[PDB]
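# An overview of the molecular structure
What follows is the residue order along each chain.
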Amino acid sequence: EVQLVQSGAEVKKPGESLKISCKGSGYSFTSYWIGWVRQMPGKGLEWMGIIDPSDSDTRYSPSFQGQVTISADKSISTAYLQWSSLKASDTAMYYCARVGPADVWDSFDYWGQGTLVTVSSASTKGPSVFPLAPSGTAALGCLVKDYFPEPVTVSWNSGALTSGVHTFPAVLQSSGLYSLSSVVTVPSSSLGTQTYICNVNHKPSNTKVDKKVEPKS
Amino acid sequence: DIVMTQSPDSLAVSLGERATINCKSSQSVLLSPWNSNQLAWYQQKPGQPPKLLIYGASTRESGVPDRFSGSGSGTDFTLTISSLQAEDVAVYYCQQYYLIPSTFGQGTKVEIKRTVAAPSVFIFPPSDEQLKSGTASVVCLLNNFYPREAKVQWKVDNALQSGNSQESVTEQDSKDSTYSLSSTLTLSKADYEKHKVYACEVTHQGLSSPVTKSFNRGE
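Residues numbered from 1 in each chain as written, not as in the entry; some residues may be left out. Chains lettered and ligands numbered in written order. Heavy atoms only, no water.

- As recorded in the entry header, the structure was determined using X-ray crystallography to a resolution of 1.50 Å.

Written out as structure tokens, the structure is:
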């Protein structure tokens, strides 16, 4: 089958150089053009440019020319996107995609899985976990504060409690650290007898915390 | 260049009913003498790469269900889903590939339509644990509402708070198709302890008038 395989997620600091890769297999890499597409967080797709791996004929969007370099190494069936000096504003998902076989131009028929690029001055840091204590339905939760980078996962009661759980998208604070809440709604009557524990795992820092959440005395 | 403009930005459709998305190009994308419109539609689900659905304006890609169809020509195009399935909830993009650059439309988010639901609102004071560290996060939760449009206003002793909160919203719930929202007001411990009444006021079409949840610090 045709596969475009991109290099893994990158967490970088402003001013650093970065080269990301897209390897095509299951077809002749030099027979199809490769495109790069940016998707900033929460935003749409942006066409960055295309390259013919046969001869490195490269066409850029005017929005990206001079900002990035697209290149290819046909000997290893790989295309690349690179920056000499990253900015925080380069934080985005980057896709490579194959231009289809039509005789003029074509749609993108196969896509890479994406490379997430996060650019920040912050360093790896595990969260602090605070209770959101319940005040016939009650809400309670956990505030998972001041961690970097994304993601963090939250479960409740070791996975036993799934109904009524909402784990929110993180917000990026002005400190450059993320914060997230996870909540659950439960019967008010259960608060005296049922234990509620949020299980937090911030894998990038290898930080696990189990936080019991109870009515405050 | 060619500018691609989609409409609407967001579309809510009942499960099993018809969904229709529009795409306009600023110039014709018709390639003569082949007389083919160089227009593609992609589907993108959260966390996933886009997937080609339709090319040449009206040709379904291999493996794509019959309920998807493309139409239109020149500068006006439409994607139709004849019967919306739960797996069709996604963002859809059009793209022209008539020339380079091969520009995309801005995307149309297709969501599940349901009945209006007012949010259930809850407020949470900062924990004593957090206060020890010098910061106070006050959280307001708006649970299981529809549609997505909602407004949270923070007041501390009747002073409107501006610029010192952040919020986020879940995607449509897997079970009930509602949204939830969490807003956090951040203050220093010192500022938190200078004030008494913390209030979150919520405006939503499911509510006759705004709902306020509050607490008094140290009660």
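Anyway, onward from the coordinates.
## Structural notes on the sheet that holds strand β7 (residues 69-73) of chain A
Residue and element names in this part refer to chain A.
- As summarised here, the arrangement of the 4 strands in space is β1-β3-β8-β7, forming an open sheet in which the pairing is antiparallel. In the strand order of this sheet, the two ends are held by β1 (3-6) and β7, each with one partner. Going from strand to strand, the sheet's axes swing by 20° on average, the running direction of each strand aside.
- Direction of pairing for strand β3 (residues 18-25) relative to strand β8 (residues 78-83): antiparallel, over a ladder of 6 bridges. Bridge pairing in β8 links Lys19 to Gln82. (Pairing = 2+ DSSP bridges. Helix = DSSP H or I, 4+ residues; strand = E, 2+ residues; numbered from the N terminus. Axes fitted to C-alpha atoms, helices over the stretch in contact; angles between N-to-C directions.)

## Notes on the pattern of salt bridges
- By the definition in use, this model includes 13 salt bridges over all chains.
- Measuring nitrogen to oxygen at the nearest pair gives 2.8 Å for the salt bridge that ties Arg59 of chain A to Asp57 of chain A.
- For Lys145 of chain A, the salt bridge is made with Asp146 of chain A, and the minimal N-O distance between the two is 3.5 Å.
- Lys145 of chain A sits in the buried class, given a relative accessible area of 6%.
- On the basis of relative accessibility, which here comes to 23%, the residue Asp146 of chain A falls in the partly exposed class.
- Several salt bridges share partner residues, and in doing so they unite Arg67, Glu87 and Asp88 of chain B into one network. (Salt bridge = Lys/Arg side-chain N within 4 Å of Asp/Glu carboxyl O. Buried < 20%, exposed > 50% of the residue type's maximum accessible area, 1.4 Å probe, protein only.)

## Side note on the domain arrangement of chain A
All names here are of chain A.
- When cut into domains, chain A gives domain 1 (1-121) and domain 2 (122-217).
- Look at where the C-alpha atoms of domain 1 and domain 2 centre, and you get two points 36 Å apart.
- With 5 residues of domain 1 in contact, the opposing surface of domain 2 contributes 6 residues.
- Applying the counting rule to domain 1 against domain 2 returns 0 salt bridges. (Domains from an automatic or database assignment. Contact = heavy atoms within 4.5 Å.)

## A closer look at the packing of aromatic side chains
- Per the counting criterion, the structure on display carries 15 aromatic pairs over all chains.
- Ring centres 5.0 Å apart and planes at 70° place the aromatic pair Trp83 of chain A and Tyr94 of chain A in the edge-to-face group. Taken together, the residues span a long stretch of sequence, with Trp83 of chain A in strand β8 and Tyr94 of chain A in strand β9 (residues 92-99) at a distance of 11 residues. By the burial criterion, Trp83 of chain A is buried, and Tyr94 of chain A matches it.
- Ring pairing ties together the aromatic residues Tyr95, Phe108 and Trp111 of chain A together with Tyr42 and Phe104 of chain B, which thus form one cluster.
- Geometry around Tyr80 of chain A places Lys19 of chain A over its ring, the cationic atom sitting 4.4 Å from the centre.
- Just above the ring of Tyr27 of chain A sits the side chain of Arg98 of chain A; from NZ or CZ to the centre is 4.7 Å. (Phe/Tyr/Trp six-rings, centres within 6.5 Å; stacked < 30°, edge-to-face > 60°. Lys NZ or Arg CZ within 6 Å of the ring centre and 35° of its normal.)

## Remarks on the state of the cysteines
- Inspection of the entire model under this criterion finds 4 disulfides over all chains.
- Put simply, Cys22 of chain A and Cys96 of chain A are joined by a disulfide, and their sulfur atoms are 2.1 Å apart. Its S-S torsion of approximately 75° makes the covalent link between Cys22 of chain A and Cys96 of chain A right-handed. Highlighted residues: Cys22 of chain A in strand β3 and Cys96 of chain A in strand β9, separated in sequence by 74 residues. Each member of the pair, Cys22 of chain A as well as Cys96 of chain A, carries the same accessibility label: buried.
- Disulfide pairing places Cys140 of chain B opposite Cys200 of chain B at an S-S distance of 2.0 Å. Here the S-S torsion is close to -80°, and the disulfide linking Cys140 of chain B with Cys200 of chain B is therefore left-handed. Placement of the pair is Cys140 of chain B in strand β14 (residues 135-145) and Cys200 of chain B in strand β19 (residues 197-203), with a sequence separation of 60 residues. An identical accessibility class is assigned to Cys140 of chain B and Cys200 of chain B; each is buried.
- Sequence-ordered numbering of the bonded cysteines in chain B gives a pairing of 1-2, 3-4.
- Assigning the bonded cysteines of chain A consecutive numbers by sequence position, one obtains the connectivity 1-2, 3-4. (Disulfide = S-S within 2.5 Å.)

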